[PDB]
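One structure is given here, and the rest of the page talks about it.
None of the figures in this text is laboratory data; all of them are computed from the coordinates on show. Every residue, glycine as well, gets a Cβ built from its backbone with ideal geometry; the counts of neighbours run over all protein chains shown.
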Amino acid sequence: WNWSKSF
Amino acid sequence: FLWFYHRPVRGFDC
Amino acid sequence: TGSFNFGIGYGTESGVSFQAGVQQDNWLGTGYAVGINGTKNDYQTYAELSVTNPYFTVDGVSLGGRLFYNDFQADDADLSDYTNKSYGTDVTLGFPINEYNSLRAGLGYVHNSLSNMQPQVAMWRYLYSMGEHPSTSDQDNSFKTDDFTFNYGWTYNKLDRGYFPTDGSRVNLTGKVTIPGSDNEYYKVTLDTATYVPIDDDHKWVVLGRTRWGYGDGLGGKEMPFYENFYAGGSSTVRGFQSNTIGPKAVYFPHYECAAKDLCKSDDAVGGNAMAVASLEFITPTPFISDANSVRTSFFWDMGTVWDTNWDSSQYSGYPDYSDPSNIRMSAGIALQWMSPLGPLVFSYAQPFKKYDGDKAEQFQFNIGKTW
Ligand SMILES: CCCC[P+](CCCC)(CCCC)CCCC
Ligand SMILES: CCCC[P+](CCCC)(CCCC)CCCC
């Protein structure tokens, strides 16, 4: 699993 | 080079 | 704009694997993507900073530079024990040759710091080639190298699709050589091939032929450092064999243990400077399911060998000849792949029906999410 969140 | 084959032991340039 | 991320995977080769990074495309408007990433598993911790411009030229010649460090614990990789803490930097030009082919050329600097080496013949033979003469009776040692390398790569990719390919081939050729000024003096070449040949018009029946080749050796009287050895055995190479088990095994000095007034055979793998893998795998429609196009089932025949071209049998007539390339291991088994909600998942069950002394079996193997 990989979680990716922009800013 | 291709999932899931030939994973390097000394990672992680795959 | 930019992003951050974290990841967890798990596999028999690596154990639990943790990833985390921050990335920003076009950082400060420079045209370079900038990443800082780390990965950790049972035996390794790695971090890097990368700076990459995919359009270093307008034709898509790419320029990338990295800094990195690495901590490697060989015993946790199912090898004879040593610690290698290293760091370095490289720069790589990426050249798109055509739709199917790209080339890579690069220079690299690496500092290797070896300690905690459990004395063993092949390892000490390398050290001696380097003019280094650590004690054979304890694990209290230190050996450091600084190398400059020319790095080259060729990737051929003509697969019909990347997700469950049914047709075409992928080839990856990697080479490196030390540049004068390095402590080590050697070259190393690796070749990976996969070729998919579909049998039926619907491409539900597919033959995969897979190979891997590794050869490295010292120039002059120096040997390739053991810390650059190839391995085989595991969920991604030769199924049914424990990670890295295939090939030479440590011959320890008096000091699996040897703690003994004689040299001690073992079943601790050490890898080698030569390796070859071949596999034939028949992909079939997934049984007792229907849709079916999100699972891939297969039966395979896996083979591989690893050897040490500088193993000196004449001196060590009493031990297995680890320079012999012909100890080909073989396994047969079944595999399943599936895009699981925990991420890409592969499972295999395989019996090693040809093995040699010290080889260890691992019938059931799997990998979930990113462990690479
Ligand atoms: C994030 C800006 C990166 C700039 P560059 C070099 C910076 C020097 C400290 C990146 C080089 C990568 C190998 C570009 C140089 C142009 C010839
Ligand atoms: C089904 C694809 C088979 C590809 P090849 C055989 C691999 C052995 C398992 C070549 C076959 C020529 C007829 C491997 C080519 C790279 C060395």
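Dividing the summed helix terms, -39500 (n - 2.57) for each DSSP H run of n ≥ 4, by the number of residues in chain C produces a 222 nm estimate of -500 deg cm²/dmol to the nearest 500.
Using a Förster distance of 45 Å, how high is the FRET efficiency between C:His133 and C:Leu93, based on the Cβ-Cβ distance and rounded to 0.05? Provide the component values of the computation, followed by the final result.
Working: r = 40 Å, r/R0 = 0.90.
Plugging the Cβ-Cβ distance into 1/(1 + (r/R0)^6) gives 0.65.
Pairwise Cα distances in segment C:40-186 exceed 18 Å for 69 percent of all pairs. Normalising by residue count, the protein assembly as shown has a Cα convex hull of 148 Å³ per residue.
Straight-line reach from C:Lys188: taking Cα to Cα under 16 Å and skipping same-chain neighbours fewer than 8 places apart, the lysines in range are C:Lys176, C:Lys222. In chain C, taking the dipole from charged Cβ atoms about the Cα centre, the farthest positive-side position among C:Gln363, C:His255, C:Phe143 is held by C:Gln363. Note on C:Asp75/C:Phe299: beta-carbon distance plugged into 1/(1 + (r/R0)^6) with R0 of 41 Å gives a FRET efficiency of 0.75. Between C:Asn26 and C:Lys261, the FRET efficiency from the beta-carbon distance, with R0 = 56 Å, is close to 0.30.
Ordered by the number of other Cβ atoms lying within 10 Å of each residue's own Cβ, fewest first, C:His111, B:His6 fall into the sequence C:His111, B:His6.
Quick one: plug the Kirkwood hydrodynamic radius of segment C:3-62 (C-alpha pairs) into Stokes-Einstein at 20 °C, 1.002 mPa s, and report D in µm²/s.
The diffusion coefficient I find is 165 µm²/s.
Check the straight Cα-Cα distances from C:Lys158 and name the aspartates and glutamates below 17 Å, setting aside those fewer than 8 residues away within the same chain. The reachable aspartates and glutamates, counting only those whose Cα sits under 17 Å from C:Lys158, are C:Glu99, C:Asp167, C:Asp192.
Structural size metrics of chain C, computed from C-alpha coordinates, are Rg and Dmax of 21.8, 66 Å. Overall, the anisotropy analysis places segment C:112-191 in the prolate class: the square-rooted eigenvalues a ≥ b ≥ c of its C-alpha gyration tensor yield a/c not less than 1.5, with a/b exceeding b/c.
Temperature 37 °C, viscosity 0.692 mPa s: under these conditions the Stokes-Einstein estimate for segment C:306-372, based on its Kirkwood radius over C-alpha pairs, is 222 µm² per second.
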